[PDB]
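Peer 1: Handing you this structure, nothing more for now.
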Amino acid sequence: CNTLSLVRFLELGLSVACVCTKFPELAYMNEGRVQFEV
Amino acid sequence: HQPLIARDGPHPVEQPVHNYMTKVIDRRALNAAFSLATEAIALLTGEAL
Amino acid sequence: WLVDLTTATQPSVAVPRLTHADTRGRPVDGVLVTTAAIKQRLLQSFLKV
Amino acid sequence: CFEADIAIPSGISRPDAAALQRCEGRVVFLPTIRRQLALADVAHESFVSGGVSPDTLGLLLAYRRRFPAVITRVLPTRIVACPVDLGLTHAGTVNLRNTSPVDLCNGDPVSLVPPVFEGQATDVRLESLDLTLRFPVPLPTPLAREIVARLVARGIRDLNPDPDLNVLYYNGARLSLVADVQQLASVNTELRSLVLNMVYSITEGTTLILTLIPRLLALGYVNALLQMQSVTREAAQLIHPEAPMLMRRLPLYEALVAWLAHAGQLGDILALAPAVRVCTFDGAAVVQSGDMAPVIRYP
C-alpha cells in the first residue's frame, strides 16, 4: 500500500562528444559517396 | 524503468519490462520492562502517608 | 581497497528530501559503521577531514 | 492469567489461515514463558531431542517437561493464550475442545500423546512454512491412567506372539480403542522404545529382589516383619517364580541404585498427573466432542 514506485533517467551531453560529427535527416537514399583528394 | 540500448542487426527486439516488484514488511517486538517493589504501591498513590 | 568498498553497492530508490550537510553544501551519501578498535588505526594512517 | 503472545511467521495461505481457525481452544506446549514467543517454539519439529523424531516416550518426557498453554482467541500476526500454569488456584476460566470421550463435570483432564488415538488426526500441519502442530489429547484422570497401561500391555502380546485387550467400556459408551486399518501397525513401532522401559524395570527388580531378600534377613525388626504382611504372598511368590526361573553382593547393590534410578524416571514419565480442572458453572455437566467447556486452573 505504498509509493516510491519511481525512478528517473536521461543521457545526453557526452552523447554528442564522442559522436564527433552528425548529419541528420537521411531521406529515401540509395548511395552515399565521399571522395578524397590528397 | 530500466534503460534500453536497442540494437542494430537482425538479433531480435528489446522489450521494456517496467515491472512492479513488491517487498514484505517484517514485525519486531523490542520489549522492555522495569521493576516496582512491594512498597511504593501504597506510596505513589496516596495510601500510606 | 576502500574505494571499491565505497561503491560496490548501488544507490537505492531514494531521495531523502532532508539531507545531512557538510557545513559547505555537500550532501552525505553513506554511513560506514565500524567498530571502535578498527576506527582508531584506520584514521591516523588514512587521512582525514 | 498473564496472557502470552506467540508470533505468526511470514506468508501463509488462507487454508493455512483457516488451519489457524480450526484450533481456537486447543492445548499448546512451550519451553519458556517469555511474554512474546514465536511459532518455532511450538511445532512438533521443535521436539527433536537426539536428531530423530521423538516417540511417545520422547514426547512424554517433554510433555511432563515444558509448559501447557491454551489459546483463548486466535489472531492474525499473534496468538493469544492465557496459560494454565500461571495464576492462583481455581481462577482464570479457560475453554477447551473435547475429544471422543465425555470430560464430565469433574475429572481433572490431562494432556497426553496423540498416537494413543488417531495419529494423523490433530497433527495439524501448516502448508506454507511447513510445520506441524501435534496437539495433545485432554483425557480425564481415570481413563487417562487406564489407556496408558493397556497398549503397553498390548505391546507385550505384539512383542513375542504365539483375551482381546481393546474393548474398554466407558460409563455409557463403548470406546473403540482400535483404529485398525493403518494405525495399529504404526502403534507398535511408535510405542516401540516405551514397552522396553516397562519391561526392563520389571525384569531387573524382580530378579534383583529374589537375590536381595534371601541375601537379607541373615546378613531383626525388618526380618520377621518382611513376610508378616507378606505371609503366603512373597514366600508364595518365592515358591512360584524362583522355581520356574534361574537364581554377588558388590555388583548387586550397585544394581540396586541403578534400577531404582530408572524407577524414579518412570514415575515422572508415567501416571499422567492432572494439570487443569473441569469444574464449570451452569452447564449440562457433560461435554461432547467438538464442544467447548469452561476449564479452571489448578487440581
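In the C-alpha cells, the first chain shown is A, the next is B, and so on; residue numbers restart at 1 for each chain, and ligands run from 1 in the order shown.
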Pick out the chain A residues within 8 Å of chain C. Count only C-alpha atoms. Give them as a list in words.

Peer 2: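 The contacting residues on chain A are residues 4, 6 and 7 of chain A.
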
Peer 1: So which residues touch residue B:21 within 12 Å, counting only C-alpha atoms, skipping near sequence neighbours fewer than 2 positions away, as an MDAnalysis selection string?

Peer 2: (chainID A and resid 2:6) or (chainID B and resid 1 17:19 23:24)

Peer 1: Quick one: residues within 10 Å of residue D:42, only C-alpha atoms counted, chain neighbours fewer than 4 positions away excluded, as an MDAnalysis selection string?

Peer 2: chainID D and resid 6 28:31 37:38 46:47 131:135

Peer 1: Write out as a list in words the residues lying within 12 Å of residue D:169, counting only C-alpha atoms and excluding same-chain residues fewer than 6 positions away.

Peer 2: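 So, after excluding close chain neighbours, the residues are residues 101, 143, 146, 147, 175, 176 and 177 of chain D.
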
Peer 1: For the residues in that selection, give me N, CA and C atoms as an mmCIF file, in the first residue's frame.

Peer 2:
```cif
data_model
loop_
_atom_site.group_PDB
_atom_site.id
_atom_site.type_symbol
_atom_site.label_atom_id
_atom_site.label_comp_id
_atom_site.auth_asym_id
_atom_site.auth_seq_id
_atom_site.Cartn_x
_atom_site.Cartn_y
_atom_site.Cartn_z
ATOM 1 N N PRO D 101 -14.123 -39.175 24.219
ATOM 2 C CA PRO D 101 -14.831 -39.341 25.499
ATOM 3 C C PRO D 101 -15.503 -38.063 25.997
ATOM 4 N N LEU D 143 -9.538 -42.564 33.084
ATOM 5 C CA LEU D 143 -9.334 -43.204 31.793
ATOM 6 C C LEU D 143 -7.948 -42.918 31.224
ATOM 7 N N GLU D 146 -5.895 -45.344 32.532
ATOM 8 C CA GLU D 146 -6.330 -46.663 32.094
ATOM 9 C C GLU D 146 -5.706 -47.036 30.759
ATOM 10 N N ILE D 147 -5.769 -46.136 29.780
ATOM 11 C CA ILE D 147 -5.412 -46.499 28.413
ATOM 12 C C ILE D 147 -3.893 -46.550 28.253
ATOM 13 N N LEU D 175 -15.940 -47.586 23.863
ATOM 14 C CA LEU D 175 -14.859 -46.806 23.279
ATOM 15 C C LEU D 175 -13.959 -47.685 22.421
ATOM 16 N N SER D 176 -14.076 -47.535 21.105
ATOM 17 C CA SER D 176 -13.238 -48.288 20.184
ATOM 18 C C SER D 176 -11.813 -47.752 20.191
ATOM 19 N N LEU D 177 -10.954 -48.409 20.968
ATOM 20 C CA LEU D 177 -9.529 -48.106 21.029
ATOM 21 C C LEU D 177 -8.837 -48.403 19.704
#
```

Peer 1: I need the chain D residues near chain B as an mmCIF file with N, CA, C and O atoms, in the first residue's frame; criterion: at most 12 Å, counting only C-alpha atoms.

Peer 2:
```cif
data_model
loop_
_atom_site.group_PDB
_atom_site.id
_atom_site.type_symbol
_atom_site.label_atom_id
_atom_site.label_comp_id
_atom_site.auth_asym_id
_atom_site.auth_seq_id
_atom_site.Cartn_x
_atom_site.Cartn_y
_atom_site.Cartn_z
ATOM 1 N N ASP D 5 1.954 -14.104 24.083
ATOM 2 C CA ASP D 5 1.749 -13.940 22.649
ATOM 3 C C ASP D 5 2.711 -14.847 21.892
ATOM 4 O O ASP D 5 3.913 -14.861 22.177
ATOM 5 N N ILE D 6 2.179 -15.603 20.937
ATOM 6 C CA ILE D 6 3.014 -16.363 20.016
ATOM 7 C C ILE D 6 2.909 -15.742 18.630
ATOM 8 O O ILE D 6 1.809 -15.585 18.086
ATOM 9 N N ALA D 7 4.058 -15.399 18.051
ATOM 10 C CA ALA D 7 4.116 -14.610 16.826
ATOM 11 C C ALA D 7 3.841 -15.492 15.617
ATOM 12 O O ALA D 7 4.461 -16.548 15.453
ATOM 13 N N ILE D 8 2.919 -15.052 14.766
ATOM 14 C CA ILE D 8 2.710 -15.713 13.475
ATOM 15 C C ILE D 8 3.859 -15.359 12.543
ATOM 16 O O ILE D 8 4.155 -14.164 12.352
ATOM 17 N N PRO D 9 4.528 -16.331 11.930
ATOM 18 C CA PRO D 9 5.583 -16.016 10.957
ATOM 19 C C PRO D 9 5.037 -15.507 9.632
ATOM 20 O O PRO D 9 3.837 -15.253 9.496
ATOM 21 N N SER D 10 5.915 -15.373 8.643
ATOM 22 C CA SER D 10 5.576 -14.742 7.372
ATOM 23 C C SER D 10 4.671 -15.647 6.527
ATOM 24 O O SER D 10 4.190 -16.692 6.974
ATOM 25 N N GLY D 11 4.490 -15.242 5.267
ATOM 26 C CA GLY D 11 3.378 -15.571 4.388
ATOM 27 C C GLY D 11 2.769 -16.955 4.404
ATOM 28 O O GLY D 11 3.391 -17.941 3.999
ATOM 29 N N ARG D 34 8.411 -16.503 28.012
ATOM 30 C CA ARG D 34 8.651 -15.146 27.536
ATOM 31 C C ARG D 34 7.353 -14.557 26.987
ATOM 32 O O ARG D 34 6.572 -15.258 26.341
ATOM 33 N N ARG D 35 7.116 -13.271 27.278
ATOM 34 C CA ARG D 35 5.813 -12.661 27.020
ATOM 35 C C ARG D 35 5.518 -12.541 25.532
ATOM 36 O O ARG D 35 4.351 -12.490 25.128
ATOM 37 N N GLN D 36 6.556 -12.489 24.708
ATOM 38 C CA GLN D 36 6.437 -12.637 23.267
ATOM 39 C C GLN D 36 7.155 -13.917 22.881
ATOM 40 O O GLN D 36 8.321 -14.106 23.239
ATOM 41 N N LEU D 37 6.466 -14.799 22.170
ATOM 42 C CA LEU D 37 7.070 -16.030 21.688
ATOM 43 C C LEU D 37 6.839 -16.161 20.194
ATOM 44 O O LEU D 37 6.081 -15.402 19.589
ATOM 45 N N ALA D 38 7.540 -17.117 19.601
ATOM 46 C CA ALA D 38 7.392 -17.401 18.186
ATOM 47 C C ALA D 38 6.793 -18.787 17.981
ATOM 48 O O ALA D 38 6.621 -19.571 18.918
ATOM 49 N N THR D 77 -1.147 -12.245 13.018
ATOM 50 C CA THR D 77 0.158 -11.746 13.483
ATOM 51 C C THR D 77 0.482 -12.087 14.935
ATOM 52 O O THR D 77 1.592 -11.792 15.385
ATOM 53 N N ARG D 78 -0.421 -12.724 15.677
ATOM 54 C CA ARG D 78 -0.218 -13.070 17.078
ATOM 55 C C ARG D 78 -1.018 -14.324 17.386
ATOM 56 O O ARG D 78 -1.907 -14.718 16.633
#
```

Peer 1: So that I can check the surroundings of residue D:290, please list as a list in words every protein, DNA and RNA residue that reaches within 12 Å of it, counting only C-alpha atoms and ignoring chain neighbours fewer than 2 positions away.

Peer 2: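 That gives residues 22, 23, 24, 25, 26, 95, 96, 97, 98, 99, 100, 101, 102, 103, 287, 288, 292 and 293 of chain D.
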
Peer 1: Those same residues, written as a PDB file, in the first residue's frame with N, CA, C and O atoms?

Peer 2:
```pdb
ATOM      1  N   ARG D  22      -9.242 -23.442  12.859  1.00  0.00           N
ATOM      2  CA  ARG D  22      -9.765 -24.685  13.407  1.00  0.00           C
ATOM      3  C   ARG D  22      -9.068 -25.103  14.691  1.00  0.00           C
ATOM      4  O   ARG D  22      -9.231 -26.251  15.112  1.00  0.00           O
ATOM      5  N   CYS D  23      -8.301 -24.215  15.319  1.00  0.00           N
ATOM      6  CA  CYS D  23      -7.547 -24.552  16.517  1.00  0.00           C
ATOM      7  C   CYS D  23      -7.809 -23.599  17.675  1.00  0.00           C
ATOM      8  O   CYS D  23      -7.047 -23.599  18.645  1.00  0.00           O
ATOM      9  N   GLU D  24      -8.862 -22.795  17.598  1.00  0.00           N
ATOM     10  CA  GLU D  24      -9.152 -21.851  18.664  1.00  0.00           C
ATOM     11  C   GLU D  24      -9.686 -22.579  19.889  1.00  0.00           C
ATOM     12  O   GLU D  24     -10.876 -22.894  19.970  1.00  0.00           O
ATOM     13  N   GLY D  25      -8.810 -22.824  20.855  1.00  0.00           N
ATOM     14  CA  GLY D  25      -9.185 -23.560  22.037  1.00  0.00           C
ATOM     15  C   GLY D  25      -8.472 -24.877  22.216  1.00  0.00           C
ATOM     16  O   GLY D  25      -8.990 -25.751  22.918  1.00  0.00           O
ATOM     17  N   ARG D  26      -7.312 -25.053  21.602  1.00  0.00           N
ATOM     18  CA  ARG D  26      -6.534 -26.269  21.741  1.00  0.00           C
ATOM     19  C   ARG D  26      -5.531 -26.131  22.874  1.00  0.00           C
ATOM     20  O   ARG D  26      -5.549 -25.152  23.625  1.00  0.00           O
ATOM     21  N   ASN D  95     -11.140 -22.390  28.072  1.00  0.00           N
ATOM     22  CA  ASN D  95     -12.087 -23.189  27.307  1.00  0.00           C
ATOM     23  C   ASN D  95     -11.387 -24.157  26.358  1.00  0.00           C
ATOM     24  O   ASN D  95     -10.515 -23.766  25.578  1.00  0.00           O
ATOM     25  N   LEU D  96     -11.790 -25.422  26.411  1.00  0.00           N
ATOM     26  CA  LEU D  96     -11.091 -26.460  25.673  1.00  0.00           C
ATOM     27  C   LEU D  96     -11.974 -27.089  24.607  1.00  0.00           C
ATOM     28  O   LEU D  96     -13.190 -26.916  24.583  1.00  0.00           O
ATOM     29  N   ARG D  97     -11.347 -27.861  23.727  1.00  0.00           N
ATOM     30  CA  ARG D  97     -12.050 -28.659  22.734  1.00  0.00           C
ATOM     31  C   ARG D  97     -11.970 -30.118  23.139  1.00  0.00           C
ATOM     32  O   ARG D  97     -10.876 -30.669  23.292  1.00  0.00           O
ATOM     33  N   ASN D  98     -13.129 -30.733  23.307  1.00  0.00           N
ATOM     34  CA  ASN D  98     -13.203 -32.114  23.740  1.00  0.00           C
ATOM     35  C   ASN D  98     -12.766 -33.033  22.604  1.00  0.00           C
ATOM     36  O   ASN D  98     -12.805 -32.656  21.431  1.00  0.00           O
ATOM     37  N   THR D  99     -12.318 -34.229  22.964  1.00  0.00           N
ATOM     38  CA  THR D  99     -12.092 -35.310  22.015  1.00  0.00           C
ATOM     39  C   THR D  99     -12.829 -36.508  22.606  1.00  0.00           C
ATOM     40  O   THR D  99     -13.121 -36.494  23.803  1.00  0.00           O
ATOM     41  N   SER D 100     -13.082 -37.549  21.786  1.00  0.00           N
ATOM     42  CA  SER D 100     -14.201 -38.503  21.779  1.00  0.00           C
ATOM     43  C   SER D 100     -14.842 -38.929  23.111  1.00  0.00           C
ATOM     44  O   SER D 100     -16.071 -39.055  23.140  1.00  0.00           O
ATOM     45  N   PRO D 101     -14.123 -39.175  24.219  1.00  0.00           N
ATOM     46  CA  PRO D 101     -14.831 -39.341  25.499  1.00  0.00           C
ATOM     47  C   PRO D 101     -15.503 -38.063  25.997  1.00  0.00           C
ATOM     48  O   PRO D 101     -15.518 -37.020  25.342  1.00  0.00           O
ATOM     49  N   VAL D 102     -16.066 -38.161  27.202  1.00  0.00           N
ATOM     50  CA  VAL D 102     -17.001 -37.144  27.674  1.00  0.00           C
ATOM     51  C   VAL D 102     -16.312 -35.876  28.155  1.00  0.00           C
ATOM     52  O   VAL D 102     -16.590 -34.794  27.630  1.00  0.00           O
ATOM     53  N   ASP D 103     -15.375 -35.991  29.105  1.00  0.00           N
ATOM     54  CA  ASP D 103     -14.964 -34.913  30.018  1.00  0.00           C
ATOM     55  C   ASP D 103     -16.170 -34.421  30.826  1.00  0.00           C
ATOM     56  O   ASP D 103     -16.782 -33.395  30.536  1.00  0.00           O
ATOM     57  N   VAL D 287     -19.759 -32.932  28.627  1.00  0.00           N
ATOM     58  CA  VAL D 287     -19.198 -32.264  27.458  1.00  0.00           C
ATOM     59  C   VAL D 287     -19.218 -33.256  26.297  1.00  0.00           C
ATOM     60  O   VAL D 287     -19.115 -34.470  26.505  1.00  0.00           O
ATOM     61  N   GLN D 288     -19.433 -32.761  25.082  1.00  0.00           N
ATOM     62  CA  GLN D 288     -19.358 -33.622  23.916  1.00  0.00           C
ATOM     63  C   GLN D 288     -18.206 -33.218  23.005  1.00  0.00           C
ATOM     64  O   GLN D 288     -17.663 -32.114  23.105  1.00  0.00           O
ATOM     65  N   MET D 292     -17.169 -26.707  23.470  1.00  0.00           N
ATOM     66  CA  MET D 292     -16.310 -26.055  24.449  1.00  0.00           C
ATOM     67  C   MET D 292     -16.703 -26.451  25.868  1.00  0.00           C
ATOM     68  O   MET D 292     -17.778 -27.009  26.100  1.00  0.00           O
ATOM     69  N   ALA D 293     -15.811 -26.171  26.822  1.00  0.00           N
ATOM     70  CA  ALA D 293     -16.037 -26.428  28.234  1.00  0.00           C
ATOM     71  C   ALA D 293     -15.277 -25.419  29.083  1.00  0.00           C
ATOM     72  O   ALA D 293     -14.098 -25.179  28.828  1.00  0.00           O
TER      73      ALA D 293
END
```

Peer 1: What does the structure give for the distance between atom CA of residue D:297 and atom CA of residue D:276, in Å to one decimal?

Peer 2: 5.1 Å

Peer 1: Separation of atom CA of residue D:298 and atom CA of residue D:19, in Å?

Peer 2: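 Going from atom CA of residue D:298 over to atom CA of residue D:19, I get 29.6 Å.
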
Peer 1: Of the candidates A:25, A:1, A:32, A:10, which one gets nearest to residue B:4 if we count only C-alpha atoms?

Peer 2: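 Comparing A:25, A:1, A:32, A:10 against residue B:4, the winner is A:10.
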
Peer 1: Using only C-alpha atoms, which residues sit within 12 Å of residue C:2 once same-chain residues fewer than 4 positions away are excluded, as a VMD selection string?

Peer 2: chain C and resid 6 to 8 32 42 46
